[PDB]
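Participant: What follows is a single structure, and I will ask about it in a moment.
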Amino acid sequence: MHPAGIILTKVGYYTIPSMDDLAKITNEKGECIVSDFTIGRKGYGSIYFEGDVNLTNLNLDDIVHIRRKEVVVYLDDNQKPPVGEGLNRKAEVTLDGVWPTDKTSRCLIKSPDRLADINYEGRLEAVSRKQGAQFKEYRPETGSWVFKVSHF
Amino acid sequence: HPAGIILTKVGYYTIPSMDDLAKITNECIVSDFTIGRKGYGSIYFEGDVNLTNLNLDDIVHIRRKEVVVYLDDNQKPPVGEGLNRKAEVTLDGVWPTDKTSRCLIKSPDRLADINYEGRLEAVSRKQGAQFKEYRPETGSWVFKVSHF
Amino acid sequence: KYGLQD
Amino acid sequence: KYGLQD
């Protein structure tokens, strides 16, 4: 099991650099710091931390959960580090597959035209603002709702 | 039991356990209430929930890939009251099975390939629910419901 | 009632 | 927690 002591097992979840890479980068003491790190879950989203991050002995499985239209880092503050620490730092949440669904058809909505007309971004960015995040963008092709958080 | 709560079906459990849910009672409102049956699924009720005199045994049924709250809505309290509020549902074991083998499809690959999440996610959408995720390893399908 | 009927 | 709680 991983040199840095990192744990990422959930199927679909991955990292940038890959765990495999990350291992090489980890030092002779199990320690492992990496700049511009990314933890993602194919098809759901990904969180990106720019700059140095200390993955040392981090059990990502337990810590980061990336679900549809919703990401959560550090479930309950049982092991949640002080801000600026671990993954509790600032990051760029990216939530894929985000789209609204009309009450009638209940068949989602992907028409960039339909979205644009209903101003989905608007609402999205609205929420992000309320949650204390800085709306970054919205890629309708892939229902990607990217936004920055200060901490988690 | 302390604050009139019924749950006896073997297999079902609650978080906090029926026990603690006694020393919480005096009435019996307990936030972050959880109810579920091992191997089948669970239901998360975030924040304040009033269990006062609910008879869980009759109210909540968690069966393979099908959960149901409040049998005949004749009781389904005002949306907000009792368990008729919103909540997160997790149905474990959910997996599809092929026509030929009739052997269940677990390979995270095959699943990914036949986009099972798709179906499950869709399904939850039609039902008026919020698809949260699908964990293959355990065949866990989770989604939010505003009410039951 | 919610689930997968089929 | 960060997401759309629709």
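Chain identifiers are assigned as A, B, and so on, following the order in which chains appear in the structure tokens; residues are numbered from 1 within each chain, and ligands are numbered from 1 in order of appearance.
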Starting from chain B, keep only residues with some atom at most 8 Å from an atom of chain C, counting only C-alpha atoms, and report them as a list in words.
Facilitator: residues 65, 66, 67, 68, 69, 70, 120, 123, 124, 127 and 148 of chain B
Participant: Quick one: which residues from chain A are at most 7 Å off chain B, using only C-alpha atoms, as JSON, numbers by chain?
Facilitator: {"A": [67, 68, 106]}
Participant: Mind dumping a table of every chain A residue within 10 Å of chain D, with the nearest atom pair and its distance in Å to one decimal, using only C-alpha atoms, sorted by chain and rising number, as a tab-separated table?
Facilitator:
residue	atom	partner	partner_atom	distance
A:65	CA	D:1	CA	9.9
A:66	CA	D:3	CA	9.9
A:67	CA	D:3	CA	8.9
A:68	CA	D:3	CA	8.3
A:69	CA	D:3	CA	5.2
A:70	CA	D:3	CA	3.8
A:71	CA	D:2	CA	5.4
A:72	CA	D:1	CA	4.8
A:73	CA	D:1	CA	7.2
A:74	CA	D:1	CA	9.1
A:75	CA	D:1	CA	8.6
A:93	CA	D:2	CA	8.2
A:94	CA	D:3	CA	9.9
A:95	CA	D:3	CA	8.0
A:98	CA	D:4	CA	8.8
A:100	CA	D:6	CA	9.3
A:123	CA	D:4	CA	9.6
A:124	CA	D:4	CA	7.6
A:127	CA	D:4	CA	7.1
A:128	CA	D:3	CA	7.9
A:131	CA	D:2	CA	6.9
A:132	CA	D:2	CA	9.2
A:133	CA	D:2	CA	8.4
A:145	CA	D:3	CA	9.3
A:147	CA	D:2	CA	9.4
A:148	CA	D:2	CA	10.0
A:149	CA	D:2	CA	8.5
A:152	CA	D:1	CA	7.1
Participant: Return as a PyMOL selection string the full set of residues in chain A whose backbone-based DSSP assignment is helix (DSSP H, G or I).
Facilitator: chain A and resi 19-25+60-63+112-118+120-130+140-142
